[PDB]
Ligand SMILES: [Cl-]
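Protein chains in written order, with my numbering: chain A, 65 to 202; chain B, 1218 to 1357; chain C, 2 to 142.
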């Protein structure tokens, strides 16, 4: 995590070269995670059909520790959809995105697991309060 | 969801052309979902080995909101196995399937999330009761 | 399960031929499962970037019934990392591994589901206790 996987029958050659970089930047901001650990895995030219039909489609997954809830999921879904519509020429009704909560102690980075506090976004909340105190001095 | 992913070292050119369409129809019926949102993602010619050996194998996943339980999982597993044996020429002892429950509010389709009632199959249970009443002379 | 999935932008031609066999043997021992049902799915030459950058990286998953807990996950992560560094020439800070608990009744092998006692490692724990009692002279007549 965070890992954005895009499974699409749209041909690799036909996808803008900056698509993964743009999706990296967008989801870095949306998930409030360090850019350094944001993966984008583009499986383009996939043998994926939807509704028994080979028109352009996307099944995408977002794997993340914390950050995922009904409100953030819908907002991120619509922005991811918009990028797929614009850059892959895929219709909104051919896009399904799964949001996958990852437990902090069920995910390694760089020789260690993650802090459990991230699952409840306490990393953000505690930094948000500290920054508020710096700007208001209280 | 519903997304059926098939990971197999069986060569793409060896797979019947209608395999994905047939798996779509079968799992549409089995999962009682609209055909329109049924994905089949075939990863054929995959660099997948099983038991350290490159004999034909399948690792498949079924991602679905509701519908998955110990009873439906076993029945769907045996039918998916039968389709892999017949169409991919893979032995039953080289097939593993994972059934993945998806939360309604953790899955988008067409600009919206899904109804939480689907997670508990309330859509099926409520339609089953309504159809029972229609067929057995109960219209009020 | 157990399924080890390796997603790496490292080119297939650059990966030692025995990488999957070595990962199979290592994780068979680590997860205390039959070798027969250990899958290794290598997606090499993947179009996967990390931090907006195309330096060598690995996103791997371990799908397993039982066996996964904070203690086993860290130990397996470091050994998997060591094998990826050696075989894929990737830096530790370009490796993320997700450990995925699989329910026994949500996974088929060879026409049947899995017991359910396996989820809580009761197969290992009950065999460990029975072998301890064998070696320390306890009978069951
Ligand atoms: Cl998952």
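Using N, Cα and C, we set each Cβ at its ideal position, and we do this for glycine too.
*According to the Cβ coordinates, are residue 1324 of chain B and residue 162 of chain A closer than 8 angstroms?*
yes
*Whose Cβ in chain A lies nearer than 7 angstroms to the Cβ of residue 1224 of chain B?*
Simply none; closest approach about 12 angstroms.
*Mapping DSSP to helix, strand and coil, what is residue 146 of chain A?*
helix
_Simplified DSSP assignment, three categories, for residue 102 of chain C_ = strand
_In chain order, each alpha helix (DSSP H) run of at least 4 residues that lies wholly inside the region 45–90 of chain C_ = 71–89
*Taking Cβ positions only, does residue 81 of chain C come closer than 8 angstroms to chain B?*
no
*asked:* Whether or not the region 1238–1245 of chain B and the region 181–189 of chain A are in contact is what I'm after, with contact meaning three or more pairs of Cβ atoms, one per stretch, closer than 8 angstroms; do they touch?
replied: no
*Given 8 angstroms as the limit, is there contact between the region 1328–1337 of chain B and the region 121–141 of chain A, that is, 3 or more CB pairs closer than that?*
yes
_Residues proximal to ligand 1 by C-beta, any heavy atom closer than 7 angstroms_ = A/164, B/1317, C/101
_Measuring straight from C-alpha to C-alpha, what distance separates residue 1257 of chain B and residue 1295 of chain B?_
18 angstroms
*Apply the 10 Å Cβ neighbour rule to residue 1353 of chain B and answer buried if 16 or more other Cβ atoms are within range, or exposed otherwise.*
exposed
*Using a Cβ-Cβ cut-off of 8 angstroms (strictly less than) and excluding sequence neighbours within five positions of residue 101 of chain C, which residues of its own chain qualify?*
62, 63, 64, 65, 69
*What number of angstroms, rounded off, separates the C-alpha of residue 200 of chain A from the C-alpha of residue 193 of chain A?*
10 angstroms
*To the nearest angstrom, how far is it from the Cα of residue 86 of chain C to the Cα of residue 167 of chain A?*
25 angstroms
*Rounded distance between the beta-carbons of residue 8 of chain C and residue 59 of chain C, thought under 8 angstroms*: 7 angstroms
*Are the beta-carbon atoms belonging to residue 131 of chain C and residue 117 of chain C less than 8 angstroms from one another?*
no
*What residues match up with residue 187 of chain A in a beta bridge as DSSP calls it?*
For residue 187 of chain A, which the question treats as bridged, DSSP gives no partner whatsoever.
*With 8 angstroms as the threshold, decide whether the Cβ of residue 127 of chain A is near any Cβ in chain D.*
Within the model displayed, chain D is absent; protein chains A, B and C are what it includes.
_Contact list for residue 1314 of chain B against chain C, beta-carbon separation under 8 angstroms_ = 108, 109
*Have a look at the DSSP bridge pairing and note the partners of residue 136 of chain A.*
Residue 136 of chain A is not bridged to any residue.
*Under 6 angstroms Cβ to Cβ from residue 177 of chain A, same chain only, skipping five residues before and after it: list those, please.*
169
*Taking the C-alpha atoms as reference points, what is the distance between residue 5 of chain C and residue 39 of chain C?*
8 angstroms
_With a threshold of 8 angstroms between beta-carbons, can residue 84 of chain A be considered close to chain C, or not?_
yes
_Closer than 7 angstroms at the beta carbon, the chain B residues around residue 157 of chain A_ = 1327
*asked:* Let me make sure I understand the geometry here. Which of B/1268, B/1298, B/1293 has the alpha-carbon closest to that of residue 1307 of chain B?
replied: B/1298
*For the region 1278–1337 of chain B, list the beta strand (DSSP E) runs that are entirely contained and at least 3 residues long, ordered along the chain.*
1312–1318, 1324–1326
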